[PDB]
Amino acid sequence: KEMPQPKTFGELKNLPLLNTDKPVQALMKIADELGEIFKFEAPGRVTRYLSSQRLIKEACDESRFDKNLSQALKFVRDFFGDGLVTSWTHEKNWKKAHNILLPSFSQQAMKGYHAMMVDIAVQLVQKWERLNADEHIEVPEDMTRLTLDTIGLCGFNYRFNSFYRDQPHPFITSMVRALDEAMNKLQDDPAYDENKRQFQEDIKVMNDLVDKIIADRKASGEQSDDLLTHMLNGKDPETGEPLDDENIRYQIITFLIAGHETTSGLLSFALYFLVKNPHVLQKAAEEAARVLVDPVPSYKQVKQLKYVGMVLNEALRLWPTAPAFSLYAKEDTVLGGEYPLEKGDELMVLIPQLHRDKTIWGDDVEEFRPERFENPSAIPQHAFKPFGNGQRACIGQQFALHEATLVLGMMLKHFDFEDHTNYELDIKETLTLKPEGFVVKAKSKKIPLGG
Ligand code: HEM
Ligand SMILES: Clc1ccc([C@H](Cn2ccnc2)OCc2ccsc2Cl)c(Cl)c1
């Protein structure tokens, strides 16, 4: 009945516990100590972190709890506006944008996206084919090159050309530097006149890209029917109106970021686990060689990479790259027959801890075993939630998994991988998670590509 709560620092409640670069991992340690639920207090705010499937399945009941804009989400709303990720479920532009953009992520749009995904995937493979002996691969860096280019090309017919650059595309660098400048600005001096600029030019770099993506499309003798097409011309089935110009800008920035960061972390973590578990890599590589018999993979061939998809879900089990989502109680209710909640109370689903629930997965929760996912009907409801919940679940789930399956399959078909530094897992936390510094050597199997 009584709610566990970690340690207090007087007025600053529990916050100094998150005075760290890895707050999610710190919150996971707190969950290990206190268990399935614990209150976390901050000046003027209370959050309850859930970690067990028993409680989280109640939280995922949309008749009792709806998606909450956490403080983090309310903060980044300055950048993402009332786009799909940062709007309330009862905000009119959420339902309207959901209705308009849902057809862009169907298992029919994916068929039309496939060739452009292959385009960027081939560029990745060719980069690694062209490395000299004893040169190595910066894995999350190259996965980000891939996922950024893929969402840019598939969604907006815009080429970031990340494999033509030595460092991240200026749009990425400007946003990363703009987000932290907004973080530090919360804490009017002469020496900040340089900061308020790096800011202004960063805002301009991103407004210029959004302007160009829209202008390129309007000037195009267009054979285009992609995500941007529906943003600009899709009519709402309810109201019959398209999205307004301001919301469209927010959706473009929303999908550019959401469309690549979490998928890059997934591919990075999957390759990390494969090189740390050579028996699983050998098994996945055998499926890639068996299934991908053509110079470029086809849509149907990717859908037959069954074990690769299991490798991906097991990487999402251990390190779901969007590791938490927030809910609020629609009315007074009792959670799990033990914990009374008031209307408006916030719940935070700690996905990595949920995915380590021994009562669901057994004692070996830390082992990388993709065979856990051989029979999806053996996985209880709400035990596996890497893509959120309900009507506010990830609209891009199928996009991410198709891209990641295609790419990982092509990686396994064309290269043997060596953990040449004996890499020690270091998880950097930004908007997503990724294994920082993860490097490998890839020896080419010398299998031709197509074109
Ligand atoms: C492995 C990769 C990904 C993971 C783990 C992931 C995870 C999630 C999660 C947990 C949520 C719910 C957030 C919340 O409740 O506050 C969400 C929502 C969302 N995601 Fe993803 N995502 C991934 C890839 C993508 C991709 C590729 C796209 C776009 C192409 C995308 C776009 C979105 C959008 C627009 C929403 C908001 C949906 C709505 O509320 O209407 N995500 N995602
Ligand atoms: Cl605290 C927090 C941090 C990051 C995210 C999302 C996760 N994610 C990515 C793709 N699907 C879900 O990434 C940041 C982001 C990207 C566009 S808008 C927006 Cl916020 C959320 Cl939801 C909440």
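Atoms within a ligand are numbered from 1 in the order they appear, just like the ligands themselves. For the numbers below, each heavy atom of this structure counts, side chains included, while hydrogens, waters and symmetry mates do not. The first residue of the sequence shown is numbered 1, and numbering continues consecutively from there.
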Review point. Can you say whether the rings of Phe40 and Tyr49 are parallel (under 30°), tilted (30 to 60°) or perpendicular (over 60°)?
Key: perpendicular

Check your understanding: So, for atom 10 (C) of ligand 2, does the protein have a heavy atom nearer than 4.0 Å?
Key -> yes

Exercise for review: Check ligand 1 against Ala393 and write out every atom of the ligand that is under 4.0 Å from a heavy-atom position of the residue.
Suggested key: 38 (C)

Practice item. Give the numbers and elements of all ligand 1 atoms closer than 4.0 Å to a heavy atom of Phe255. Key: 29 (C), 35 (C)

Check your understanding: Between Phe399 and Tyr113, is the ring centre distance below 6.0 Å?
Key -> yes

Check your understanding: Of the backbone atoms (N, CA, C, O) and the side-chain heavy atoms from C-beta on, which set of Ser70 has a member under 4.0 Å from an atom of ligand 1: side chain, backbone, both, or neither?
Key -> neither

Review point. Quick one: do the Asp32 and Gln353 side chains pair a donor with an acceptor below 3.5 Å?
Key: yes

Check your understanding: Nearest protein heavy-atom contact for atom 26 (C) of ligand 1: which residue, which atom, what distance?
Key -> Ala258 O, 3.5 Å

Revision key, fill the gap. Atom 37 (C) of ligand 1 sits nearest the protein heavy atom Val85 CG2, 3.6 Å

Review point. Which of these, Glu403, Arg145, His260, sits in a side chain to side chain donor-acceptor pair (under 3.5 Å) with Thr150?
Key: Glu403

Check your understanding: Heavy atoms only: which of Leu84, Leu431, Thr262, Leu179 is nearest to atom 8 (N) of ligand 2?
Key -> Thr262

Point to revise | Which of the ligand 1 atoms, numbered from 1, are nearer than 4.0 Å to a heavy atom of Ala400 | key: 2 (C), 24 (C), 27 (C)

**Study point:** Best match, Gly388, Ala322, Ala72: closest heavy atom to atom 1 (Cl) of ligand 2
**Key:** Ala72

Study note, to complete from the structure: atom 4 (C) of ligand 1 sits nearest the protein heavy atom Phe387 CE2, 3.5 Å

Exercise for review: Enumerate the atoms of ligand 1 whose separation from the nearest heavy atom of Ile395 is less than 4.0 angstrom.
Suggested key: 34 (C), 35 (C)

Review point. Are the side chain of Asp226 and the backbone of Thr229 linked by a donor-acceptor contact shorter than 3.5 Å?
Key: yes

Check your understanding: Can a non-hydrogen atom of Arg392 be found less than 4.0 Å from any atom of ligand 1?
Key -> yes

Revision key, fill the gap. Here the atoms of ligand 1 under 4.0 Å from any heavy atom belonging to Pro386 are 5 (C), 7 (C), 10 (C)

Point to revise | Side chain, backbone, both or neither: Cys394 near ligand 1, heavy atoms under 4.0 Å | key: both

Practice item. Would you check if the distance from the ring center of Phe255 to the ring center of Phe105 is below 6.0 Å? Key: yes

Check your understanding: Can you check whether a protein heavy atom sits less than 4.0 angstrom from atom 20 (Cl) of ligand 2?
Key -> yes

Review point. How far is atom 30 (C) of ligand 1 from its nearest protein heavy atom, and which residue and atom name does that atom have?
Key: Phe105 CE2, 3.6 Å

Check your understanding: In ligand 2, which numbered atoms sit nearer than 4.0 Å to a non-hydrogen atom of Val76?
Key -> 20 (Cl)

**Study point:** Check: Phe384 ring centre within less than 6.0 Å of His355 ring centre
**Key:** yes

Point to revise | Atoms in ligand 1 with a heavy atom of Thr263 nearer than 4.0 Å | key: 2 (C), 27 (C)

